[PDB]
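Single-structure report; data block below.
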Amino acid sequence: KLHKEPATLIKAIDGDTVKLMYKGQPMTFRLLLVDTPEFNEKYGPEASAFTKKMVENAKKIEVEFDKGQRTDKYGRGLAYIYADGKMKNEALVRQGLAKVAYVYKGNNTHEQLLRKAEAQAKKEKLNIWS
Ligand SMILES: Cc1cn([C@H]2C[C@H](OP(=O)(O)O)[C@@H](COP(=O)(O)O)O2)c(=O)[nH]c1=O
Ligand SMILES: [Ca+2]
């Protein structure tokens, strides 16, 4: 079992990174288990727009760390991020705006949930799968 913790928005960055205040400190978070296109790539802008809209409209942002590493080699927090109870990581995949990616042993709790969303986005031919 994982736990949701509070955080507040500082600023949207791109499809799979965001700046949040967590335990009172500014931190850039990278979303576990996904990969969005870079802003400069196809669907990059749409991914960035999606994440921005989702976080900027939320009344309540939460951070959920997995079992394993909580920061990556660049000092980014590694988390599942929720906006008003909806997971951003899963939402991007379900929409065909991210691929399931970077699945490392022991930070992979929600792997099967996200693959199931990817299968459905691919069936629908959405965005990246179009
Ligand atoms: C998502 C994730 C990325 N990373 C590192 C792997 C990649 O190293 P490299 O920079 O050497 O390619 C990079 C991809 O992040 P980005 O897709 O944001 O560039 O971030 C992790 O270490 N753990 C993770 O859980
Ligand atoms: Ca990326």
Side-chain angles (χ1 to χ4, degrees):
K1 274 9 140 288
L2 309 185
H3 298 284
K4 284 164 193 167
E5 289 180 62
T8 53
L9 182 54
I10 294 163
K11 212 200 332 97
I13 303 164
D14 76 341
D16 58 22
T17 59
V18 57
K19 197 136 203 104
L20 304 176
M21 196 191 284
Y22 170 64
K23 292 174 165 194
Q25 306 305 329
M27 262 183 75
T28 294
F29 282 83
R30 172 69 164 82
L31 294 188
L32 286 175
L33 302 185
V34 305
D35 193 29
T36 51
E38 297 298 326
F39 179 88
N40 80 285
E41 287 156 4
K42 184 167 174 58
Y43 301 109
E46 288 71 23
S48 286
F50 186 91
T51 291
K52 182 189 154 64
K53 187 159 186 293
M54 208 169 156
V55 276
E56 275 178 5
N57 293 2
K59 112 226 141 269
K60 177 189 181 171
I61 302 309
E62 289 169 288
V63 164
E64 181 183 66
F65 293 102
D66 205 322
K67 253 65 203 259
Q69 170 215 221
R70 290 186 177 199
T71 56
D72 73 6
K73 69 192 185 176
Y74 299 112
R76 304 183 293 186
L78 294 170
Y80 308 107
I81 305 305
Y82 298 76
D84 289 330
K86 172 153 202 25
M87 204 209 295
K88 302 180 60 56
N89 314 57
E90 182 193 16
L92 284 157
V93 175
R94 175 67 184 82
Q95 287 302 124
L97 286 171
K99 289 182 211 209
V100 179
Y102 297 110
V103 176
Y104 296 103
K105 202 59 231 163
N107 265 346
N108 68 333
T109 298
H110 297 310
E111 181 184 3
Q112 295 307 132
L113 178 76
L114 297 197
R115 293 195 182 284
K116 171 59 162 299
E118 186 178 274
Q120 202 46 53
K122 192 182 313 209
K123 203 166 330 286
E124 279 156 45
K125 245 84 111 173
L126 286 187
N127 289 312
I128 292 171
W129 310 112
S130 69

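Values below: every heavy atom of this structure, side chains too, minus hydrogens, waters and symmetry copies. Counting from 1, the numbers follow the sequence of the chain as shown.
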Show your working on side-chain contact (heavy atoms from CB on, under 4.5 Å) between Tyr82 and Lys60 and close with a plain yes or no. CA-CA 8 Å; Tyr82 298 76; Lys60 177 189 181 171; over 6 Å; no

Take a 6.0 Å sphere around NZ of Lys86 and say whether it holds more than 12 heavy atoms from other residues, nucleotides or ligands. yes

Nearest heavy atoms of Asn57 and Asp84, plus distance in Å: O-OD2, 4.2 Å

Where the side chain of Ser48 meets the backbone of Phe39, is there a donor-acceptor pair that is under 3.5 Å apart? no

Heavy-atom nearest pair, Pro37 first then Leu97, reads CD-O, 3.4 Å

Any donor-acceptor pair under 3.5 Å linking the side chain of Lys67 with the backbone of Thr109? no

Distance (rounded to the nearest 0.5 Å) between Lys99 NZ and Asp35 CG: 8.0 Å

Can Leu2 be reached from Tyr102 by stepping across I, L, V, M, F, W or Y side chains whose heavy atoms are under 4.5 Å apart? no

Is it true that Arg30 and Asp14 make a salt bridge, defined as a side-chain N closer than 4.0 Å to a carboxylate O? no

Rounded to the nearest 0.5 Å, how far apart are CD1 of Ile13 and CG of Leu20? 8.5 Å

Which of these, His3, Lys4, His110, sits in a side-chain hydrogen bond (donor to acceptor under 3.5 Å, both in side chains) with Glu64? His110

Member of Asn108, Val103, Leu32, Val100 meeting the side chain to side chain contact (heavy atoms under 4.5 Å, CB included) criterion with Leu114: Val100

Reported OH-to-CD1 distance for the pair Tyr43 and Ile128, which is rounded to 0.5 angstrom: 8.0 Å

Spacing of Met87 atom CE and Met54 atom CE [to the nearest 0.5 Å]: 9.5 Å

Under a single-linkage definition using a 4.5 Å side-chain heavy-atom cutoff for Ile, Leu, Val, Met, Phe, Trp and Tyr, are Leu126 and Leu113 assigned to the same hydrophobic cluster? no

Kindly give the heavy-atom pair with the smallest separation between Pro6 and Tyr22, and that separation in Å. O-CD1, 3.6 Å

Give me the atom names and distance for the closest heavy-atom approach of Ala12 to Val18. CA-CG2, 4.2 Å

Would you say the side chain of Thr17 lies within less than 4.5 Å of the side chain of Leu31, judging by non-hydrogen atoms? no

Contact summary for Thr28 and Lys19, nearest pair of heavy atoms: OG1-NZ, 2.8 Å

What I want to find out is whether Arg94 reaches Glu90 closely enough, with some N-O distance under 4.0 Å, to be called a salt bridge. no

Here the gap from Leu78 atom CG to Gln69 atom CD, rounded to the nearest 0.5 Å, amounts to 5.0 Å

Could you tell me the separation between the CD atom of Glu118 and the NZ atom of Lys123, rounded to the nearest 0.5 Å? 10.5 Å

Minimum heavy-atom distance between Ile61 and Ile81, given as atom pair plus value: CG2-CG2, 3.9 Å

For the backbone of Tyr74 and the side chain of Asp72, can you confirm whether one donor and one acceptor N or O come within less than 3.5 Å of each other? yes

Would you say that more than 12 heavy atoms from the other residues, nucleotides or ligands in this model lie under 6.0 Å from the NZ of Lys1, or not? no

